[PDB]
Amino acid sequence: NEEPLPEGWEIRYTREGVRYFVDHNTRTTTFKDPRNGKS
């Protein structure tokens, strides 16, 4: 979404805006609905 899934932090996208973020540490970890679990 924001950062190009660099080393510092990691941002993964799935649905329209279900993406999430995960910093090197639990310091910054964005968790969105598990929409990626397309039924």
# chains A, B, ... in the order shown; residues from 1 in each chain; ligands from 1
$ select_by_dssp --residues "chain A" --states "strand (DSSP E or B)" --output "ChimeraX atom specification"
/A:9-12,20-23,29-30
$ write_last_selection --atoms "N, CA and C atoms" --output "compact mmCIF listing (two decimals), in the first residue's frame"
# COMPACT_ATOMS: atom_id res chain seq x y z
N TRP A 9 9.41 -2.24 7.27
CA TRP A 9 8.05 -2.69 7.50
C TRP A 9 7.57 -3.42 6.24
N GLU A 10 6.55 -4.25 6.43
CA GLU A 10 5.99 -5.00 5.32
C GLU A 10 4.48 -4.77 5.22
N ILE A 11 4.05 -4.40 4.03
CA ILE A 11 2.63 -4.15 3.79
C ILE A 11 2.12 -5.09 2.70
N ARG A 12 1.13 -5.88 3.07
CA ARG A 12 0.55 -6.83 2.13
C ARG A 12 -0.90 -6.45 1.82
N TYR A 20 -2.73 -5.05 4.73
CA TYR A 20 -2.27 -4.90 6.10
C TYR A 20 -0.79 -4.53 6.15
N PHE A 21 -0.35 -4.12 7.33
CA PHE A 21 1.04 -3.74 7.53
C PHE A 21 1.66 -4.51 8.70
N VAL A 22 2.96 -4.76 8.58
CA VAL A 22 3.68 -5.48 9.61
C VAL A 22 5.11 -4.95 9.69
N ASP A 23 5.39 -4.25 10.78
CA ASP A 23 6.72 -3.69 10.99
C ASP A 23 7.66 -4.78 11.49
N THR A 29 1.83 -3.32 13.31
CA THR A 29 1.25 -4.42 12.56
C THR A 29 -0.24 -4.18 12.32
N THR A 30 -0.56 -3.88 11.07
CA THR A 30 -1.94 -3.63 10.69
C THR A 30 -2.60 -4.91 10.17
$ residues_around --residues "residue 16 of chain A" --least-positions-apart "3" --cutoff "12 Å" --atoms "only C-alpha atoms" --output "list in words"
residues 1, 12, 13, 19, 20, 32, 33, 35 and 36 of chain A
$ write_last_selection --atoms "C-alpha atoms" --output "PDB file, in the first residue's frame"
ATOM      1  CA  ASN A   1       0.000   0.000   0.000  1.00  0.00           C
ATOM      2  CA  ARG A  12       0.547  -6.833   2.133  1.00  0.00           C
ATOM      3  CA  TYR A  13      -2.590  -6.198   0.110  1.00  0.00           C
ATOM      4  CA  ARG A  19      -4.285  -4.906   2.897  1.00  0.00           C
ATOM      5  CA  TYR A  20      -2.271  -4.899   6.101  1.00  0.00           C
ATOM      6  CA  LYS A  32      -7.434  -6.227   8.164  1.00  0.00           C
ATOM      7  CA  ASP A  33     -10.384  -8.562   7.758  1.00  0.00           C
ATOM      8  CA  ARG A  35     -11.032 -11.148   3.095  1.00  0.00           C
ATOM      9  CA  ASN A  36      -8.112 -12.827   1.370  1.00  0.00           C
TER      10      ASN A  36
END
$ atom_distance --atom1 "atom CA of residue 8 of chain A" --atom2 "atom CA of residue 27 of chain A"
11.2 Å
$ residues_around --residues "residue 38 of chain A" --least-positions-apart "3" --cutoff "10 Å" --atoms "only C-alpha atoms" --output "PDB file with C-alpha atoms, in the first residue's frame"
ATOM      1  CA  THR A  14      -5.432  -8.514  -0.829  1.00  0.00           C
ATOM      2  CA  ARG A  15      -8.900  -7.035  -1.158  1.00  0.00           C
ATOM      3  CA  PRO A  34      -9.361 -11.969   6.391  1.00  0.00           C
ATOM      4  CA  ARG A  35     -11.032 -11.148   3.095  1.00  0.00           C
TER       5      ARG A  35
END
$ decode --residues "segment 1-37 of chain A" --atoms "N, CA, C and O atoms" --output "compact mmCIF listing (two decimals), in the first residue's frame"
# COMPACT_ATOMS: atom_id res chain seq x y z
N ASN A 1 0.84 -1.19 0.00
CA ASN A 1 0.00 0.00 0.00
C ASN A 1 0.88 1.25 0.00
O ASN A 1 0.90 2.00 -0.97
N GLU A 2 1.60 1.43 1.10
CA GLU A 2 2.49 2.57 1.24
C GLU A 2 3.92 2.17 0.89
O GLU A 2 4.40 2.48 -0.20
N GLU A 3 4.57 1.51 1.84
CA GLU A 3 5.94 1.07 1.64
C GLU A 3 5.98 -0.11 0.66
O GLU A 3 5.10 -0.96 0.66
N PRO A 4 7.06 -0.11 -0.18
CA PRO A 4 7.23 -1.17 -1.16
C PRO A 4 7.70 -2.47 -0.49
O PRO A 4 8.73 -3.02 -0.86
N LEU A 5 6.90 -2.92 0.47
CA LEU A 5 7.22 -4.14 1.19
C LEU A 5 8.73 -4.22 1.40
O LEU A 5 9.36 -5.21 1.04
N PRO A 6 9.29 -3.14 2.01
CA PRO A 6 10.72 -3.08 2.27
C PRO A 6 11.09 -3.97 3.46
O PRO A 6 10.34 -4.88 3.82
N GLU A 7 12.26 -3.69 4.02
CA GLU A 7 12.74 -4.46 5.16
C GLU A 7 12.17 -3.90 6.46
O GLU A 7 11.68 -4.65 7.30
N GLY A 8 12.25 -2.58 6.59
CA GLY A 8 11.74 -1.92 7.77
C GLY A 8 10.36 -2.45 8.16
O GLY A 8 10.20 -3.03 9.23
N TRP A 9 9.41 -2.24 7.27
CA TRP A 9 8.05 -2.69 7.50
C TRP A 9 7.57 -3.42 6.24
O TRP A 9 8.12 -3.22 5.16
N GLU A 10 6.55 -4.25 6.43
CA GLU A 10 5.99 -5.00 5.32
C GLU A 10 4.48 -4.77 5.22
O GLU A 10 3.76 -4.92 6.21
N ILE A 11 4.05 -4.40 4.03
CA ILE A 11 2.63 -4.15 3.79
C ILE A 11 2.12 -5.09 2.70
O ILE A 11 2.63 -5.08 1.58
N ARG A 12 1.13 -5.88 3.07
CA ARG A 12 0.55 -6.83 2.13
C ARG A 12 -0.90 -6.45 1.82
O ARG A 12 -1.66 -6.10 2.73
N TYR A 13 -1.24 -6.53 0.55
CA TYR A 13 -2.59 -6.20 0.11
C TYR A 13 -3.30 -7.43 -0.45
O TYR A 13 -2.66 -8.34 -0.96
N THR A 14 -4.62 -7.41 -0.34
CA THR A 14 -5.43 -8.51 -0.83
C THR A 14 -6.70 -7.99 -1.50
O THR A 14 -6.81 -7.98 -2.72
N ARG A 15 -7.64 -7.56 -0.66
CA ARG A 15 -8.90 -7.04 -1.16
C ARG A 15 -8.77 -5.54 -1.45
O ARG A 15 -7.70 -4.96 -1.27
N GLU A 16 -9.87 -4.96 -1.91
CA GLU A 16 -9.90 -3.55 -2.23
C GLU A 16 -8.96 -2.77 -1.30
O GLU A 16 -8.03 -2.12 -1.76
N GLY A 17 -9.24 -2.88 -0.01
CA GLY A 17 -8.43 -2.20 0.99
C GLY A 17 -8.30 -3.04 2.26
O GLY A 17 -8.33 -2.51 3.36
N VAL A 18 -8.17 -4.34 2.05
CA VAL A 18 -8.04 -5.27 3.17
C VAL A 18 -6.56 -5.43 3.52
O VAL A 18 -6.22 -6.08 4.51
N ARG A 19 -5.72 -4.83 2.69
CA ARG A 19 -4.29 -4.91 2.90
C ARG A 19 -3.95 -4.69 4.37
O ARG A 19 -4.79 -4.23 5.14
N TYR A 20 -2.73 -5.05 4.73
CA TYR A 20 -2.27 -4.90 6.10
C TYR A 20 -0.79 -4.53 6.15
O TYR A 20 -0.09 -4.62 5.14
N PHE A 21 -0.35 -4.12 7.33
CA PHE A 21 1.04 -3.74 7.53
C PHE A 21 1.66 -4.51 8.70
O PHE A 21 0.97 -4.86 9.66
N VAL A 22 2.96 -4.76 8.58
CA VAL A 22 3.68 -5.48 9.61
C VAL A 22 5.11 -4.95 9.69
O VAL A 22 5.91 -5.17 8.79
N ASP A 23 5.39 -4.25 10.78
CA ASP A 23 6.72 -3.69 10.99
C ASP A 23 7.66 -4.78 11.49
O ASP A 23 7.21 -5.79 12.03
N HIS A 24 8.95 -4.55 11.28
CA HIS A 24 9.96 -5.50 11.70
C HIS A 24 9.58 -6.08 13.07
O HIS A 24 9.93 -7.22 13.38
N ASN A 25 8.88 -5.28 13.84
CA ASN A 25 8.45 -5.69 15.17
C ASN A 25 6.95 -5.42 15.33
O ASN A 25 6.39 -4.59 14.62
N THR A 26 6.35 -6.15 16.26
CA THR A 26 4.92 -6.00 16.51
C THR A 26 4.59 -4.54 16.82
O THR A 26 3.43 -4.20 17.08
N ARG A 27 5.62 -3.70 16.78
CA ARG A 27 5.45 -2.29 17.04
C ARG A 27 4.39 -1.69 16.12
O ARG A 27 3.58 -0.87 16.54
N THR A 28 4.43 -2.13 14.87
CA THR A 28 3.48 -1.66 13.87
C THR A 28 3.01 -2.81 12.99
O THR A 28 3.71 -3.21 12.06
N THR A 29 1.83 -3.32 13.31
CA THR A 29 1.25 -4.42 12.56
C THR A 29 -0.24 -4.18 12.32
O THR A 29 -1.04 -4.27 13.24
N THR A 30 -0.56 -3.88 11.07
CA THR A 30 -1.94 -3.63 10.69
C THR A 30 -2.60 -4.91 10.17
O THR A 30 -2.11 -5.51 9.21
N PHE A 31 -3.69 -5.29 10.82
CA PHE A 31 -4.41 -6.48 10.43
C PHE A 31 -5.83 -6.14 9.97
O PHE A 31 -6.62 -5.59 10.74
N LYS A 32 -6.12 -6.49 8.73
CA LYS A 32 -7.43 -6.23 8.16
C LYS A 32 -8.21 -7.54 8.07
O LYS A 32 -7.64 -8.62 8.17
N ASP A 33 -9.52 -7.40 7.87
CA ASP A 33 -10.38 -8.56 7.76
C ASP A 33 -9.74 -9.59 6.83
O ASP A 33 -9.11 -9.22 5.83
N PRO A 34 -9.92 -10.89 7.19
CA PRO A 34 -9.36 -11.97 6.39
C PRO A 34 -10.16 -12.18 5.11
O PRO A 34 -10.64 -13.28 4.83
N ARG A 35 -10.29 -11.10 4.35
CA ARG A 35 -11.03 -11.15 3.10
C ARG A 35 -10.27 -11.98 2.06
O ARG A 35 -10.86 -12.50 1.12
N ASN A 36 -8.96 -12.07 2.27
CA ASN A 36 -8.11 -12.83 1.37
C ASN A 36 -8.57 -14.29 1.35
O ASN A 36 -8.19 -15.05 0.46
N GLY A 37 -9.38 -14.63 2.34
CA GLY A 37 -9.90 -15.99 2.44
C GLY A 37 -11.11 -16.19 1.53
O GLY A 37 -12.07 -16.85 1.91
